[PDB]
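These notes are about the structure you will find just below.
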Amino acid sequence: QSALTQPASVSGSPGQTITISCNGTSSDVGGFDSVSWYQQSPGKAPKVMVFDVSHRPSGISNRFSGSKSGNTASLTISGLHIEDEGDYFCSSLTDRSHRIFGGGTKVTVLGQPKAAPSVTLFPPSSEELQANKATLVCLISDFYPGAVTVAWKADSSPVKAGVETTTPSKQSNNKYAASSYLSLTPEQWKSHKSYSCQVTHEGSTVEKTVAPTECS
Amino acid sequence: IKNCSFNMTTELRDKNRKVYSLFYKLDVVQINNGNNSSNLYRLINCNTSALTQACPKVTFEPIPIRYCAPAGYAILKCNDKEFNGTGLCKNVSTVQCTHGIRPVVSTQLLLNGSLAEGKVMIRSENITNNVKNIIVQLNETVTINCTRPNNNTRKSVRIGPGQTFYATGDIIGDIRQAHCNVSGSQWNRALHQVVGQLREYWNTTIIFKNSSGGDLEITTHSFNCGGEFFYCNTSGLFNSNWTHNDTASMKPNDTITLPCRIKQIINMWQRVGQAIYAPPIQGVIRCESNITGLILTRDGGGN
Amino acid sequence: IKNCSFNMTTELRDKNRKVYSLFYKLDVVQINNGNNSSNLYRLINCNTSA
Amino acid sequence: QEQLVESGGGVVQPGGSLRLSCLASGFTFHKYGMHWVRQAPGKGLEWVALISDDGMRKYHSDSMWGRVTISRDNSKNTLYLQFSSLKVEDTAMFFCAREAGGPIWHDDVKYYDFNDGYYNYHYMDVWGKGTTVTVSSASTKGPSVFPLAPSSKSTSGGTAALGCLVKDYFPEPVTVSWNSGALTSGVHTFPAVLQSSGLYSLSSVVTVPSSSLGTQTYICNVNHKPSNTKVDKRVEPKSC
Ligand SMILES: *[C@@H]1O[C@H](CO)[C@@H](O[C@@H]2O[C@H](CO)[C@@H](O[C@@H]3O[C@H](CO[C@H]4O[C@H](CO[C@H]5O[C@H](CO)[C@@H](O)[C@H](O)[C@@H]5O)[C@@H](O)[C@H](O[C@H]5O[C@H](CO)[C@@H](O)[C@H](O)[C@@H]5O)[C@@H]4O)[C@@H](O)[C@H](O[C@H]4O[C@H](CO)[C@@H](O)[C@H](O)[C@@H]4O)[C@@H]3O)[C@H](O)[C@H]2NC(C)=O)[C@H](O)[C@H]1NC(C)=O
Ligand SMILES: *[C@@H]1O[C@H](CO)[C@@H](O[C@@H]2O[C@H](CO)[C@@H](O[C@@H]3O[C@H](CO[C@H]4O[C@H](CO)[C@@H](O)[C@H](O)[C@@H]4O)[C@@H](O)[C@H](O[C@H]4O[C@H](CO)[C@@H](O)[C@H](O)[C@@H]4O)[C@@H]3O)[C@H](O)[C@H]2NC(C)=O)[C@H](O)[C@H]1NC(C)=O
Ligand SMILES: *[C@@H]1O[C@H](CO)[C@@H](O[C@@H]2O[C@H](CO)[C@@H](O[C@@H]3O[C@H](CO[C@H]4O[C@H](CO)[C@@H](O)[C@H](O)[C@@H]4O)[C@@H](O)[C@H](O[C@H]4O[C@H](CO)[C@@H](O)[C@H](O)[C@@H]4O)[C@@H]3O)[C@H](O)[C@H]2NC(C)=O)[C@H](O)[C@H]1NC(C)=O
Ligand SMILES: *[C@@H]1O[C@H](CO[C@@H]2O[C@@H](C)[C@@H](O)[C@@H](O)[C@@H]2O)[C@@H](O[C@@H]2O[C@H](CO)[C@@H](O[C@@H]3O[C@H](CO)[C@@H](O)[C@H](O)[C@@H]3O)[C@H](O)[C@H]2NC(C)=O)[C@H](O)[C@H]1NC(C)=O
Ligand SMILES: *[C@@H]1O[C@H](CO)[C@@H](O[C@@H]2O[C@H](CO)[C@@H](O[C@@H]3O[C@H](CO)[C@@H](O)[C@H](O)[C@@H]3O)[C@H](O)[C@H]2NC(C)=O)[C@H](O)[C@H]1NC(C)=O
Ligand SMILES: *[C@@H]1O[C@H](CO)[C@@H](O[C@@H]2O[C@H](CO)[C@@H](O[C@@H]3O[C@H](CO)[C@@H](O)[C@H](O)[C@@H]3O)[C@H](O)[C@H]2NC(C)=O)[C@H](O)[C@H]1NC(C)=O
Ligand SMILES: *[C@@H]1O[C@H](CO)[C@@H](O[C@@H]2O[C@H](CO)[C@@H](O)[C@H](O)[C@H]2NC(C)=O)[C@H](O)[C@H]1NC(C)=O
Ligand SMILES: *[C@@H]1O[C@H](CO)[C@@H](O[C@@H]2O[C@H](CO)[C@@H](O)[C@H](O)[C@H]2NC(C)=O)[C@H](O)[C@H]1NC(C)=O
Ligand SMILES: *[C@@H]1O[C@H](CO)[C@@H](O[C@@H]2O[C@H](CO)[C@@H](O)[C@H](O)[C@H]2NC(C)=O)[C@H](O)[C@H]1NC(C)=O
Ligand SMILES: *[C@@H]1O[C@H](CO)[C@@H](O)[C@H](O)[C@H]1NC(C)=O
Ligand SMILES: *[C@@H]1O[C@H](CO)[C@@H](O)[C@H](O)[C@H]1NC(C)=O
Ligand SMILES: *[C@@H]1O[C@H](CO)[C@@H](O)[C@H](O)[C@H]1NC(C)=O
Ligand SMILES: *[C@@H]1O[C@H](CO)[C@@H](O)[C@H](O)[C@H]1NC(C)=O
Ligand SMILES: *[C@@H]1O[C@H](CO)[C@@H](O)[C@H](O)[C@H]1NC(C)=O
Ligand SMILES: *[C@@H]1O[C@H](CO)[C@@H](O)[C@H](O)[C@H]1NC(C)=O
Ligand SMILES: *[C@@H]1O[C@H](CO)[C@@H](O)[C@H](O)[C@H]1NC(C)=O
Ligand SMILES: *[C@@H]1O[C@H](CO)[C@@H](O)[C@H](O)[C@H]1NC(C)=O
Ligand SMILES: *[C@@H]1O[C@H](CO)[C@@H](O)[C@H](O)[C@H]1NC(C)=O
Ligand SMILES: *[C@@H]1O[C@H](CO)[C@@H](O)[C@H](O)[C@H]1NC(C)=O
Ligand SMILES: *[C@@H]1O[C@H](CO)[C@@H](O)[C@H](O)[C@H]1NC(C)=O
Ligand SMILES: *[C@@H]1O[C@H](CO)[C@@H](O)[C@H](O)[C@H]1NC(C)=O
Ligand SMILES: *[C@@H]1O[C@H](CO)[C@@H](O)[C@H](O)[C@H]1NC(C)=O
Ligand SMILES: *[C@@H]1O[C@H](CO)[C@@H](O)[C@H](O)[C@H]1NC(C)=O
């Protein structure tokens with residue numbers, strides 16, 4: 001049941017060699033030597049990266065060298081290319097003739113400066129106040145990679161309820177954007193002095209604050 | 001009986017494919033050198049000598065043969081029944097080509113051979129020499145039904161550039177063992193005649209006991225039938241002592257059943273070299289056999 | 001008219017080597033029918049004869 | 001090329017069955033095994049099942065074991081999966097992958113199975129095209145559409161963001177244009193999030209200069225094809 005554990009995300013500059021490392025158990029990795037590694041990018045079908053670990057698969061470059069120790073496996077890579085960005089999943093054959101994959105490892109190319117997310121917040125528009133439904137839309141934009149932890153808060157209190165987060169999507173500038181949704185009522189929206197959407201990107205951090213503005 | 005897998009090669013070099021067939025226990029042996037069996041066996045004809053087929057289209061059944069003489073030389077045949085293997089004879093016949101012979105492979109017995117009418121005969125190169133063989137010629141014959149009732153299958157699978165192996169495939173239905181059957185009363189009559197002739201110097205002392213053990217080519221009665229080397233056992237015979245009263249043992253008329261074994265490989269004439277293989281016969285395996293002779297050895301390890 | 005590479009034995013049994021020559025289509029036939037993607041071939045007389 | 005194709009997937013209901021079929025061409029399917037695998041949105045892979053070529057053996061993941069049943073069709077050169085008691089946890093994309101060729105190399109010698117069979121317990125040299133499957137109990141409903149007023153992305157400079165909130169709709173997808181596709185640049189419709197009530201909610205958002213508010217007309221047209229609904233909604237300064 002326990003997938004072959006590896007970090008869900010990794011990063012590295014082009015050219016600089018790296019090494020992916022995933023974990024296993026006695027059942028599958030300690031049980032046999034048929035540890036493989038696959039890769040799959042957004043908008044691409046999966047393809048292998050290693051089988052028969054100390055020898056490399058069909059038509060792949062001579063830079064990707066696999067290794068294994070006990071119940072753990074790893075794959076060292078030189079000459080970090082750009083097209084190789086995407087998730088990586090190691091797999092091992094269990095003792096019961098069944099297989100199991102890993103958690104995943106997203107490769108992100110460094111060198112693209114991680115711009116701070118341009119966070120903004122749409123409050124419930126005038127069309128929604130009298131509809132007995134309030135909705136706050138926290139737009140995130142111009143941030144790279146697609147890894148942002150969203151959080152919603154009241155003017156003084158935290159608001160984890162009603163939150164519905166949308167995953168990042170690659171903007172036209174190769175950065176990412178997203179939209180989170182907090183569902184409230186007009187009573188809760190107006191009685192609260194303000195609301196806030198705090199977003200934790202890679203290490204720098206950002207936040208927006210909206211308030212009820214009574215206009216014409 | 002075991003069903004057994006192994007690898008084989010196509011006409012090409014690198015192309016190798018697994019394949020399965022059937023084998024007995026006589027053809028292979030377990031490697032006890034390891035910790036245990038672990039499903040580890042090896043052919044003995046392999047690990048003693050080389051291996052080849054035996055031209056499966058050439059089946060190994062007999063034919064009436066006749067030996068002919070050159071110019072200036074002839075054959076002389078004595079026409080006396082009781083005339084033993086040597087000595088003087090009067091009833092002569094000059095011949096150019098021998099009477100029809102069926103020179104069949106047989107151990108401990110004769111098969112489909114010429115008969116000795118009139119009387120039963122017993123000879124030996126030196127009867128006083130216990131180690132010498134005691135050749136026998138009976139007066140009449142017996143219907144011998146040695147048979148496997150299970151049909152054989154064949155897989156004619158190519159291996160080399162036109163070289164095909166005829167593997168003994170799986171057999172249909174419930175697979176019983178082979179067996180063989182013989183008549184009782186005529187057998188006991190022939191035994192009565194034999195023991196009547198056994199009194200060379202004695203009045204009543206005759207015993208039969210099975211062989212102490214040795215080579216299976218000599219430890220039982222082997223022959224060839226429809227290509228397969230049959231070994232039809234000889235155990236219903238030695239349990240017989242017509243010593244004191246012959247008619248006492250003329251009574252137990254019993255349909256003599258026995259287990260007859262079979263075999264695929266052979267090293268003819270005890271020449272230990274490259275052995276051969278025998279193919280399937282596909283269809284149930286009957287074997288008729290007359291009987292006209294017998295062979296024994298005396299007991300030197302006794303009184 | 002085609003030309004093909006294939007393995008052959010070196011005078012050292014442990015060593016083999018790929019050598020290439022020229023052949024026509026009459027003496028061979030296509031196999032492994034991925035019908036047309038650089039299909040491999042086999043001799044007409046080897047699959048039945050020597 | 002061993003080009004494979006999926007079929008049968010789509011938006012479906014829970015509880016019934018689902019015949020997910022997998023065909024292919026460019027090779028001989030007579031003696032080739034096949035893996036079924038799946039992966040959900042925002043989540044990696046999970047082995048669904050595997051089947052051999054000659055109907056001899058077949059293996060199921062203990063999670064999906066019993067709930068589903070694999071099967072093959074040699075003459076059709078097809079793989080099939082029959083579901084039972086369909087559930088929303090089956091919401092995922094499903095891939096139909098092949099085996100690592102037939103032979104095994106030892107001393108540069110290629111050994112094969114019985115009857116000249118292709119066999120391995122190894123990687124998957126080919127992967128299918130993929131098929132989406134959306135098990136969901138809700139009923140196809142059209143969208144409630146509303147505007148999202150100008151939110152100043154920055155205090156200085158006068159740069160706002162406008163939006164069109166398409167909430168309480170199901171199933172995906174939904175188109176959101178501005179004046180029937182006239183204003184095409186700047187918009188970025190984000191993936192729909194499955195609401196707690198089984199519905200969906202997105203916001204087609206676009207950043208513009210704040211000076212464009214009012215002076216530049218905006219009539220946001222939302223359209224949901226499953227329900228065949230189409231609505232218009234203008235975005236303007238929030239009066240409250
Ligand atoms: C003449 O003889 C040679 C010697 O065998 C023979 O070579 C085979 O040719 C076939 C033709 O397709 C190859 O099949 C392709 O293989 C491509 C890469 O193959 C790699 O794998 C080999 C097997 O590895 C296993 O076995 C060895 C022990 O044998 C073991 O150590 C390994 O760990 C592993 O278990 C491997 O030996 C071979 O090694 C060479 O290359 C490495 C560098 O990669 C080098 O370091 C070595 O020194 C050696 O030179 C090789 O690495 C693969 O790309 C290809 O996959 C595509 O095509 C198939 C279609 O066939 C698609 O289905 C697939 O999706 C891909 O698109 C395919 O698998 C086979 O691998 C060769 N094997 C060997 C040992 O060389 C030639 O074919 C013979 N000549 C002819 C005309 O047939
Ligand atoms: C003649 O015919 C017989 C029977 O048909 C064949 O017997 C089997 O052949 C297969 C392949 O030809 C062998 O497969 C190999 O099995 C090995 C088993 O050893 C391991 O087993 C456990 C678990 O690991 C450990 O206790 C043990 O110490 C070993 O670790 C495996 O080691 C092999 O796996 C390796 O190679 C594969 C490539 O397939 C790699 O991808 C893996 O990473 C791994 O490194 C392989 O699975 C099988 O073992 C044979 N049977 C027996 C009983 O040994 C003969 O092979 C065949 N001979 C010829 C020449 O054709
Ligand atoms: C072809 O294949 C094998 C591999 O070398 C060989 O075949 C015979 O192998 C046996 C033992 O491996 C040889 O010796 C005989 O073993 C019989 C059974 O094994 C017991 O004895 C051995 C020690 O010899 C122990 O290690 C083992 O655990 C067993 O306890 C013995 O029974 C034999 O002795 C006597 O037994 C028979 C039956 O009871 C008696 O009737 C005889 O009097 C016999 O003396 C004997 O020890 C045997 O010699 C091998 N055969 C041949 C022809 O050599 C073959 O050697 C191999 N081919 C070639 C060419 O090497
Ligand atoms: C000893 O025999 C068993 C059983 O095989 C079956 O019974 C034999 C008496 C013969 O009649 C065989 O033809 C028959 O298959 C072997 O085990 C395994 O048997 C299964 C049968 O269910 C074989 O499956 C086959 O698979 C092909 C390919 O798809 C099908 O088309 C067939 O219809 C059949 O179902 C299986 O191949 C076989 N195992 C192997 C490894 O081949 C057993 O292998 C054999 N002994 C040895 C040492 O191999
Ligand atoms: C994948 O497997 C590797 C190898 O096991 C994991 O790395 C190793 O993790 C263990 C504990 O999980 C570390 O042990 C401890 O290391 C510290 C380091 O200071 C040491 O002080 C302790 O005494 C103890 O030995 C081990 O060091 C570490 N290996 C290395 C080279 O640092 C890895 O964490 C696994 N990854 C995942 C995602 O599970
Ligand atoms: C001694 O002579 C008798 C009679 O001649 C031999 O009997 C033979 O017995 C076998 C099987 O019991 C018969 O085999 C059959 O052959 C045909 C040939 O087509 C085949 O179609 C049948 O299915 C069956 O296998 C054989 O015909 C029969 N008669 C002969 C050979 O004349 C007996 O075998 C002889 N003794 C020995 C030791 O061979
Ligand atoms: C001859 O018969 C004897 C027995 O009458 C056979 O020897 C017996 O073989 C079994 C087999 O396990 C042993 O249990 C007995 O202890 C053996 N007894 C004696 C006295 O040896 C012998 O195998 C037979 N030989 C032939 C060629 O048939
Ligand atoms: C088919 O013939 C061509 C002939 O050119 C082979 O290619 C040549 O290979 C030699 C060997 O080193 C080189 O020196 C030439 O420069 C190559 N020429 C070209 C045009 O590539 C080719 O390898 C042959 N292929 C097969 C499968 O036999
Ligand atoms: C194996 O060799 C035999 C020898 O005759 C081939 O037999 C014929 O080959 C021609 C060549 O195209 C075919 O048109 C015929 O149909 C074959 N005969 C039969 C009865 O099918 C045979 O083709 C060879 N094997 C293969 C796979 O081609
Ligand atoms: C068989 O194995 C056991 C334990 O693995 C060992 O004690 C014994 O000596 C072995 N016997 C042999 C190799 O004959
Ligand atoms: C001798 O041979 C003749 C053949 O002409 C035969 O008639 C006769 O019975 C034979 N006699 C003996 C005693 O063998
Ligand atoms: C064989 O027969 C001859 C004459 O027929 C006889 O003299 C001789 O004694 C016989 N052989 C034996 C061993 O008695
Ligand atoms: C074998 O015995 C049978 C009895 O049915 C007989 O017809 C046949 O001629 C005998 N064959 C010989 C003695 O060669
Ligand atoms: C059978 O043998 C006895 C003595 O061995 C003999 O008297 C008899 O004539 C034989 N039967 C025949 C020839 O039919
Ligand atoms: C048979 O052998 C014995 C040796 O024990 C010898 O005394 C006798 O003369 C031999 N007889 C013949 C006929 O050769
Ligand atoms: C199986 O044995 C029977 C014996 O009754 C035979 O009739 C049948 O032909 C055999 N099957 C074959 C040869 O396929
Ligand atoms: C007895 O002999 C007959 C004659 O062919 C045979 O059919 C039968 O199988 C034999 N065995 C018995 C009756 O147990
Ligand atoms: C023959 O054998 C039986 C038992 O096998 C035995 O009782 C009998 O005494 C033997 N006959 C002679 C004459 O010794
Ligand atoms: C020979 O033995 C038989 C018993 O088998 C007996 O009837 C006969 O009288 C004996 N002949 C003698 C002692 O001359
Ligand atoms: C054989 O039987 C006869 C009469 O039945 C008897 O006189 C004779 O003694 C018996 N044989 C022996 C060796 O006692
Ligand atoms: C054997 O047959 C004879 C007649 O041929 C008969 O007198 C005797 O009782 C029979 N014995 C048995 C045991 O059947
Ligand atoms: C089998 O036994 C009887 C005769 O004793 C009969 O069915 C047939 O002639 C015999 N068949 C043989 C010996 O092949
Ligand atoms: C046979 O060739 C056609 C045309 O290239 C191809 O579409 C088909 O897939 C091939 N057959 C197989 C079994 O792949």
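The chains in the structure tokens are called A, B, ... from first to last as shown; in each chain the residues are counted from 1, and the ligands are counted from 1 in the order shown.
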**Item:** Within 9 Å of residue 98 (chain A) using only C-alpha atoms, minus same-chain residues under 3 positions, as a ChimeraX atom specification
**Value:** /A:28,92-95 /D:47,49-50,59-61
With C-alpha atoms kept, could you save the residues just selected as a PDB file, in the first residue's frame?
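Saved result, part.pdb, follows:
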```
ATOM      1  CA  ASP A  28       9.043  -4.868  -3.388  1.00  0.00           C
ATOM      2  CA  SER A  92       8.921  -1.705  -7.814  1.00  0.00           C
ATOM      3  CA  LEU A  93       7.522  -5.215  -8.215  1.00  0.00           C
ATOM      4  CA  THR A  94       6.036  -6.617  -5.008  1.00  0.00           C
ATOM      5  CA  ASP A  95       6.601 -10.175  -3.824  1.00  0.00           C
TER       6      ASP A  95
ATOM      7  CA  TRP D  47      -1.918   0.561 -10.700  1.00  0.00           C
ATOM      8  CA  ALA D  49      -4.919  -4.027 -13.069  1.00  0.00           C
ATOM      9  CA  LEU D  50      -2.889  -6.211 -15.419  1.00  0.00           C
ATOM     10  CA  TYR D  59      -3.966  -9.430 -11.445  1.00  0.00           C
ATOM     11  CA  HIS D  60      -6.014  -6.768  -9.659  1.00  0.00           C
ATOM     12  CA  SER D  61      -5.143  -4.054  -7.170  1.00  0.00           C
TER      13      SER D  61
END
```
**Request:** For region 79-95 of chain D, please output as a PyMOL selection string all residues within 6 Å (counting only C-alpha atoms; exclusion window: fewer than 4 positions along the same chain).
**Result:** chain D and resi 14-22+36-40+67-72+128+130-136
Go ahead and dump the residues you just picked, C-alpha atoms, as a PDB file, in the first residue's frame.
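Written output follows (again_2.pdb):
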```
ATOM      1  CA  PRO D  14     -22.373   5.887  -9.760  1.00  0.00           C
ATOM      2  CA  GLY D  15     -23.589   2.382  -8.992  1.00  0.00           C
ATOM      3  CA  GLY D  16     -23.881   0.938 -12.504  1.00  0.00           C
ATOM      4  CA  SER D  17     -21.192  -0.584 -14.709  1.00  0.00           C
ATOM      5  CA  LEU D  18     -18.738   0.755 -17.275  1.00  0.00           C
ATOM      6  CA  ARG D  19     -17.191  -1.102 -20.224  1.00  0.00           C
ATOM      7  CA  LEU D  20     -13.810   0.591 -20.677  1.00  0.00           C
ATOM      8  CA  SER D  21     -12.389  -0.806 -23.926  1.00  0.00           C
ATOM      9  CA  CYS D  22      -8.871  -0.542 -25.343  1.00  0.00           C
ATOM     10  CA  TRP D  36      -4.615  -0.753 -17.013  1.00  0.00           C
ATOM     11  CA  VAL D  37      -3.529   2.177 -14.821  1.00  0.00           C
ATOM     12  CA  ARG D  38      -5.168   5.390 -13.621  1.00  0.00           C
ATOM     13  CA  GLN D  39      -4.241   8.797 -12.238  1.00  0.00           C
ATOM     14  CA  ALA D  40      -6.522  11.425 -10.708  1.00  0.00           C
ATOM     15  CA  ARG D  67     -15.193  -4.083  -7.516  1.00  0.00           C
ATOM     16  CA  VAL D  68     -14.006  -4.454 -11.142  1.00  0.00           C
ATOM     17  CA  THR D  69     -13.297  -7.283 -13.577  1.00  0.00           C
ATOM     18  CA  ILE D  70     -10.749  -7.391 -16.394  1.00  0.00           C
ATOM     19  CA  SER D  71     -11.240  -9.299 -19.642  1.00  0.00           C
ATOM     20  CA  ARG D  72      -9.763  -9.717 -23.118  1.00  0.00           C
ATOM     21  CA  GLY D 128      -2.117   4.416 -24.433  1.00  0.00           C
ATOM     22  CA  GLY D 130      -5.643   7.975 -22.180  1.00  0.00           C
ATOM     23  CA  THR D 131      -9.332   8.354 -21.369  1.00  0.00           C
ATOM     24  CA  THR D 132     -11.061  10.598 -18.848  1.00  0.00           C
ATOM     25  CA  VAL D 133     -13.701   9.061 -16.573  1.00  0.00           C
ATOM     26  CA  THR D 134     -15.902  11.252 -14.346  1.00  0.00           C
ATOM     27  CA  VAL D 135     -18.112   9.264 -11.972  1.00  0.00           C
ATOM     28  CA  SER D 136     -20.513  11.662 -10.267  1.00  0.00           C
TER      29      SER D 136
END
```
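Separating CA of residue 240 (chain D) from CA of residue 160 (chain A) is a distance of 24.6 Å.
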**Item:** Expected selection as a ChimeraX atom specification for ligand 9 within 12 Å, only C-alpha atoms and all ligand atoms
**Value:** /B:11,158,161-162 /C:25-33,41-50
**Asked** Which neighbours of region 76-92 of chain B fall inside 8 Å, counting only C-alpha atoms, when residues of the same chain fewer than 5 positions from it are skipped, and could you give them as a PyMOL selection string?
**Response** chain B and resi 116-124
**Request:** Taking only C-alpha atoms into account, report as a ChimeraX atom specification which residues of chain D lie within 9 Å of chain B.
**Result:** /D:103,108-117
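Listed by chain and then residue number, the contacts of ligand 8 are residues 3, 4, 5, 20 and 21 of chain C (distance at most 6 Å, using only C-alpha atoms and all ligand atoms).
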Would you tabulate, counting only C-alpha atoms and all ligand atoms, all residues of chain A that have an atom at most 10 Å from an atom of ligand 1, showing the closest pair of atoms and their distance in Å to one decimal, sorted by chain then ascending number, as CSV?
```
residue,atom,partner,partner_atom_place_in_ligand_line,distance
A:34,CA,ligand 1,35 (O),9.5
A:47,CA,ligand 1,65 (O),9.7
A:48,CA,ligand 1,65 (O),9.8
A:51,CA,ligand 1,34 (C),8.0
A:52,CA,ligand 1,33 (O),5.0
A:53,CA,ligand 1,33 (O),7.2
A:54,CA,ligand 1,33 (O),6.3
A:55,CA,ligand 1,33 (O),4.6
A:56,CA,ligand 1,44 (O),5.6
A:57,CA,ligand 1,18 (C),6.4
A:58,CA,ligand 1,54 (O),3.1
A:59,CA,ligand 1,54 (O),4.6
A:60,CA,ligand 1,54 (O),7.8
A:61,CA,ligand 1,44 (O),8.5
A:62,CA,ligand 1,43 (C),7.3
```
**Request:** Give me, as a ChimeraX atom specification, the contact residues of chain D against chain C at a cut-off of 10 Å, counting only C-alpha atoms.
**Result:** /D:1-2,25-28,107-108
**Item:** Counting only C-alpha atoms, the residue of D:197, D:175, D:221, D:120 that sits nearest residue 105 (chain D)
**Value:** D:120
